[PDB]
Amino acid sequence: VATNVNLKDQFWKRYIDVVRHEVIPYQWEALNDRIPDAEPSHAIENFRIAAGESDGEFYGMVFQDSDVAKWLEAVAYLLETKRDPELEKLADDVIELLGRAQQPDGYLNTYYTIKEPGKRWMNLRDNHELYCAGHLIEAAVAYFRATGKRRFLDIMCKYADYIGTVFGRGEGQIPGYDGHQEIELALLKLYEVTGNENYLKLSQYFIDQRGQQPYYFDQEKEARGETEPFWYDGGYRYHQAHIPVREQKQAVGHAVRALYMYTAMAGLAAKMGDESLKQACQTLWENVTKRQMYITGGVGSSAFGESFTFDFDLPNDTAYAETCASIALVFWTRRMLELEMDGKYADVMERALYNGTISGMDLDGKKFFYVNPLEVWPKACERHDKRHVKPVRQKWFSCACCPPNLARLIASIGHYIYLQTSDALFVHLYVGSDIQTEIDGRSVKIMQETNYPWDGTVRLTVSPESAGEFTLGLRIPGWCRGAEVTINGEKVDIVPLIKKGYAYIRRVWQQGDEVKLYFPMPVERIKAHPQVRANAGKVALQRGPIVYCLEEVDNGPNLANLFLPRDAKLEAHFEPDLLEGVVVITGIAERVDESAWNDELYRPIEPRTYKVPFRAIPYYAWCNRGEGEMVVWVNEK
C-alpha cells in the first residue's frame, strides 16, 4: 500500500494543535496524579505497583488501565503528524513499565495482578479484562505504525496469544466473552498489522460466541453464588448478548457497546467476505441511522443504561448522546465503507465528525461533555430526569468516556479521508490534505484544497509519477443536491457515473490534472420524519455537513418561544473572529409577546407576535460563551 496522509487545512489542524498542546499534556498530568485540584487517577501508579516499583493498593475503576492505553493511542497518532522526542520518550517509558507489569504468561491487568489475583476471568460480564486488553492492543498497533518500534506490539501479541489459549470452545477453554465489546475490533487491527491469522480467528470466535445459549454470563454469575437480578430491565440486551449477532436486527442496549460490536462485525464481514455478518451490519445500520440517531450524529436516547430505546424516540432535552457513542459511530462507518462502498456511510461519518463528536469539547480543549443534548434549559437540568445533562462543559473524573477518547479520534482524523483499493482511490472526506500512494503499482500524489465545511468548492490535484488509467471515487454528500465536477475546466456529467453516492471517474490521469468539485451549501430547513414525535412542528438549520443551533447568548432566553417562519429569508456569512472562525446564520424570527399576559397561566388569547433577528451558530461550537439555553430543533411558523 505504501500510503501516507498529511493534513493541510485550518479546521482539523486547529483541533490537533489543541489535542497536542492542551489535551494530551493535561491528561498526562492527571494520569500521574500531579493535578492538586483533581480527584486522583492512579492509572500509571497501578502499573508501577503491578510492576513491583511502588508499594500501595489498587485505586480506581475496574477499567482504569484503558485510560493509559487510549492516551498512548492518541500519542501514537500525534507522533504521525509531528515527531516529538519528549512525547516519544514518555510513551516508550510507559511501554517499558507496561512490559514489566505484564505477567510471564502474557496477562496484563493491574486490578487482578494487585487486588484480586488468581480471581481472573471470573467476571467477564462486569470487569472489563478483555476491554482493557483490546484498548491496549489498539495502542500498540498504532504505536508500531507510527514509530516503527515493536516493543509494545510484542508485549500485546503475548497477551493476545495468551487470551487465545484461554478462550474458546475446545478442551479446558472458557466459552466466554466481554460484557463490553472492544477486543473484537482490536484483534482485527492486530491481525491487520501482524498477518497472524490466529488473531482473526480469536476475533471471529468472540463475535460468533456472543449471545449463544446457555448464556455464558448466567454460568459465570451462578459460579460466583450471585442471585440478584441484573439492574438493566432489558437484561443482556444491555451488552447485546441476548441473541447471536447474526440475528440482531434492532439496535438495543448500551450504545458504545453496540457500536463497538457492529464495527468488529463489519470488519470481519469484509475479511471473510461473509454475507450473514454483512447483512446483519446493514440491517443494524438502517435501524440505527434511520430510526435511532439524532441529527447531530448523536446516539443513545436514555440516560438509564446510556442506551438505545426504540425507533423514532429521540427526545432532545433528555437525550444522552454520549460523546464516545458518536466516536464509536465513526469507527463503524469506516469499517462499513471498507465492506461496501456507499456514500451514506461517509455521510453519517461526516455528520458525527462535524457535530456530535467535537461538540464534546470546548474549542480550547480544556473542558468536555460526556452528554450532548439537543436542547438545554439550564434551570431544568436540576430535574432528576435531566441531571445527566450538565449545562456547561467540565473536567472529568475516571468517568469512562475520558477526554483521550475524543483525542485519539481527532489525532487520527487523516486516516478517515481516503481509502486505497487496488484499482480505485476513494475520497470520503473533504479536507485540506494530501496522500502519497500506489495505484497499479503506480506512485501517485493527490492533493485537496478547500475551505470545507465553510464552503463547498474542492480543488483536487492528481499527480501520478507517470500518466495512467485509474479510478477516482468521489463521495457525493447526501446533504447536497446538485454536486458539480470539472476536470481541467471541463464539465463531467456525473449522473451516469454515480453508484450508491460515489462518482467513479475512470480515465487516463496526467501530472497536474485538476478536478474541481462544487457542492452548493445553501442554508437548509431540516425536517424530521413525522414518526419522530419530538420534532413535530419543528425545524433544524443545517448548512453543508454542519448542524446549527441557537444559544441564549445571541438570542436571549426562552428559545421555545422563538418561531422561525417558513419563508423568512436566511443569510450565512463567515465570522473570522467568532468561535475560531465560523459561518453564522441569521434571519428574522418571531417571538410571542408576554406583556399582554397578566399574571395568568391559561387563557383563550391567540398569540400576538413580533419580529426579532436571530443568529444561529454551529452545534459543535455551543457552550463556549457562557451558560444559557440552546436548541437545535426550533418551532416553526
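Residue numbers here begin at 1 and follow the sequence given.
Judged by mean Cα B factor in the deposited record, 485 to 493 ranks above the other of 485 to 493 and 130 to 138. Judged by mean Cα B factor in the deposited record, 419 to 427 ranks above the other of 166 to 174 and 419 to 427. When the C-alpha B-factors of 96, 313, 375, 382 are read from the PDB record, the largest value belongs to 96.
When the C-alpha B-factors of 365, 297, 104, 544 are ranked from the entry, the top spot goes to 104. Residue-level temperature factors show residue 218 in the middle third of its chain, judged at the C-alpha atom. Among the modelled residues of its chain, residue 584 has a C-alpha B-factor that falls in the lowest third according to the deposited record. Annotation for residue 78: C-alpha temperature factor in the middle third relative to the rest of the modelled chain, per the entry. The PDB entry assigns residue 320 a C-alpha temperature factor belonging to the lowest third of its chain's modelled residues. Among the modelled residues of its chain, residue 627 has a C-alpha B-factor that falls in the middle third, as given in the PDB entry.
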